[PDB]
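Numbering (PDB author numbering), first residue to last: 1 to 496.
Beta carbons: idealized from backbone N, C-alpha and C, even for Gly.
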Ligand SMILES: C[C@H]1O[C@H](O[C@H]2[C@H](O)[C@@H](O)[C@@H](O)O[C@@H]2CO)[C@H](O)[C@@H](O)[C@@H]1N[C@H]1C=C(CO)[C@@H](O[C@H]2O[C@H](CO)[C@@H](O)[C@H](O)[C@H]2O)[C@H](O)[C@H]1O
Ligand SMILES: [Ca+2]
Ligand SMILES: [Cl-]
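1. Less than 8 Å separating the beta-carbons of residue 158 and residue 146?
2. Express the C-alpha separation of residue 396 and residue 362 in angstroms, rounding to a whole number.
3. Going by DSSP, which residues form a beta bridge with residue 475?
4. If you check the beta carbons only, do residue 337 and residue 294 fall under 8 Å apart?
5. Quick one: complete beta strand (DSSP E) runs, 3+ long, within the region 50-132?
6. Nearest-angstrom Cα distance between residue 136 and residue 298?
7. I'd like the span of the beta strand (DSSP E) that includes residue 491, first residue to last.
8. Near ligand 2, which residues have their beta-carbon closer than 6 Å to a heavy atom?
9. Hey, could you find the ends of the alpha helix (DSSP H) residue 331 is sitting in?
10. If residue 331 and residue 406 are in contact, beta carbons under 8 Å, what's the gap, nearest whole angstrom?
11. Using the Cα positions of residue 296 and residue 273, report the straight-line distance between them to the nearest angstrom.
12. Return yes when the C-beta of residue 19 is under 7 Å from any heavy atom of ligand 1, and no when it is not.
13. Under 7 Å Cβ to Cβ from residue 304, same chain only, skipping five residues before and after it: list those, please.
14. Note down, one range per segment and in chain order, each beta strand (DSSP E) of at least 3 residues found wholly within the region 269-321.
15. Please report the Cβ distance between residue 92 and residue 192, rounded to the nearest whole angstrom; I am assuming they are in contact, meaning their Cβ atoms lie under 8 Å.
16. Excluding five sequence neighbours on each side, which residues of the same chain lie with their C-beta closer than 6 Å to the C-beta of residue 381?
17. In whole angstroms, what separates the C-alpha of residue 66 from that of residue 321?
18. Let me make sure I understand the geometry here. Which of 462, 223, 123, 308 has the alpha-carbon closest to that of residue 453?
19. Under 7 Å from any heavy atom of ligand 1, does the C-beta of residue 149 make it?
20. Just verifying my parser: in three-state terms, what is the DSSP assignment at residue 215?
21. Given 7 Å as the limit, tell me if residue 233 has its C-beta closer than that to any heavy atom belonging to ligand 3.
22. Go to residue 390, then tell me how far its beta strand (DSSP E) extends in each direction, as first and last residue.
23. Taking 8 Å as the cut-off, does the region 207-220 touch the region 178-185 (at least 3 CB pairs, one atom from each stretch)?
24. What's the gap between the Cα of residue 464 and the Cα of residue 457?
25. To which residues of the same chain is residue 164 closer than 7 Å at the C-beta, ignoring the five residues directly before and after it?
26. Taking the C-alpha atoms as reference points, what is the distance between residue 82 and residue 152?
27. Which of helix, strand or coil does DSSP assign to residue 384?
28. I need the straight-line Cα distance from residue 86 to residue 22, nearest angstrom please.
29. Going by DSSP, what residue range makes up the beta strand (DSSP E) through residue 410?
30. Could you tell me the alpha carbon to alpha carbon distance between residue 471 and residue 455, rounded to whole angstroms?
31. Grab the span of the beta strand (DSSP E) containing residue 225 for me, first residue to last.
32. Given residue 80, which residues of its chain have a CB within under 7 Å of its CB, disregarding the five upstream and five downstream residues?
33. Starting from residue 497, trace the alpha helix (DSSP H) both ways and give me its first and last residue.
34. Nearest to residue 251 by CA position, among 232, 238, 236, 243, is which residue?
35. I'd like the list of long-range same chain contacts for residue 314, defined as Cβ closer than 7 Å, with 5 residues on each side in sequence excluded.
In structure tokens, the structure reads:
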């Protein structure tokens, strides 16, 4: 469960949040494959409640009605077409598996669902699965509301309803089997693994019992014996009885400490500074590198959901965000996931975004296609962070330096820092209020290198800054504190 199953030499996943299947398939062929992305996290592909108040929120996709593969992203044919096309160019698909719960207990009965399946939350009837009242935890939960009220009590966190979402009886072989049937459908189509949603709300042993029922990966694309990559969503910032480590038997675990701390450091909040990043990883209090799934922001916290946090960096803070993503992709800790977002009309009241529910760009609820502008950015209100030169080129940096040790660390005791990855890459950051102008040991072979933050190597020249490494490995760097992107990165494949 720990191996990503990516093609060799690909080290990151991108979350194409709410993208349609056909647009992901095109994106695999035209962009993700040639730019060396390892794979795509897709939104939940199973049928969900169509929620019309408010109007088609992104969160309706976390309210299952059945395991039919029919959503705003596309139908089963489109999903299959995408997985095949992406695998055929060596880009994997990872599914957001919503398996702790069905929909909200107060949702009205009927056929307001993305495939028109009937369901009746009040009677616990989901005939398209099928599930009935026997398959939920009504009798097991002991809280007055039936909902989760107190995270200090592990029992209710597992047995009661997360925000009123109907909680599946995961101790029952019947329920485990229906969930495994869904996941094996996806495996056989060609999916490479899963993000297990709401993992804190399931016992580690119930997750194990489901995973035990799963097939090996599709043997046309994956070697014999391959198991799905598993990464579990557990928000563990400390202080609770449930710990991220409780889930290590099953796969990797999201490290939510990572982006919270990195945001604080890059914002220079709470007396934090980049010089402290020399101890990044376990030295910062995080879980073991071989179990962490890391990221700067995710689809919940970029809009204040989940654990939220004022320090989280997102595309809305573009300059600091690119620097944070660059640092994450250059540093060896963890397995990296890059967010790819859409725009929505943020509007704050009482310190909170009252439009944090808004779903993807749409025409009367039908998701808009992703259009590509001449300059390779996206239209139709898709942000496409993964197409920004500074991020795209850092995804390649991570591939180029894969396996090389963290070395040649420099800091000025404040916010000017630099480090290398063996003899294959070097990166330099200026987050202080004055110019960073210094000759540094890079660990690289002598030559002229293109800075991949400002530009690209193409037909024997650079389109941005050039860095000149001498025979002794030293090179001069000059980065103004008012630079639009105040960091520089060079690597073995950007050498002229
Ligand atoms: C949104 C997250 O809520 C819970 O996180 C707790 C956390 O465990 C606790 O330590 C502390 O930090 O408070 C937070 C917030 O209460 C869950 O533990 C997380 O799993 C959860 N993230 C998840 C889960 C779901 C549910 O499938 C998704 O839901 C959202 O959709 C629901 C249902 O439609 C909406 O009602 C929510 O408002 C949405 O946030 C999340 O997107 C997914 O990532
Ligand atoms: Ca549960
Ligand atoms: Cl996540």
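Once the coordinates are examined:
1. no
2. 32 Å
3. 440
4. yes
5. 92-97, 101-104
6. 29 Å
7. 487-491
8. 100, 158, 167, 201, 202
9. Here residue 331 belongs to no alpha helix (DSSP H), and DSSP marks it neither H nor E.
10. 7 Å
11. 17 Å
12. No; taking the cut-off as 7 Å, the Cβ of residue 19 has no heavy atom of ligand 1 nearer than that.
13. 352, 353, 356
14. 292-294
15. 4 Å
16. 342, 343, 361
17. 37 Å
18. 462
19. no
20. coil
21. yes
22. Taken as a continuous stretch (DSSP letters only), residue 390 belongs to no beta strand (DSSP E), being part of the alpha helix (DSSP H) at 389-400.
23. yes
24. 9 Å
25. 104, 105, 106, 147
26. 42 Å
27. coil
28. 11 Å
29. Where residue 410 is concerned, the enclosing beta strand (DSSP E) starts and stops at 406-411.
30. 24 Å
31. Element bounds for residue 225: n/a, residue is neither H nor E.
32. 189
33. Beyond the ends of the chain as shown, which are 1 and 496, falls residue 497; an answer cannot be given.
34. 232
35. 297, 302, 321
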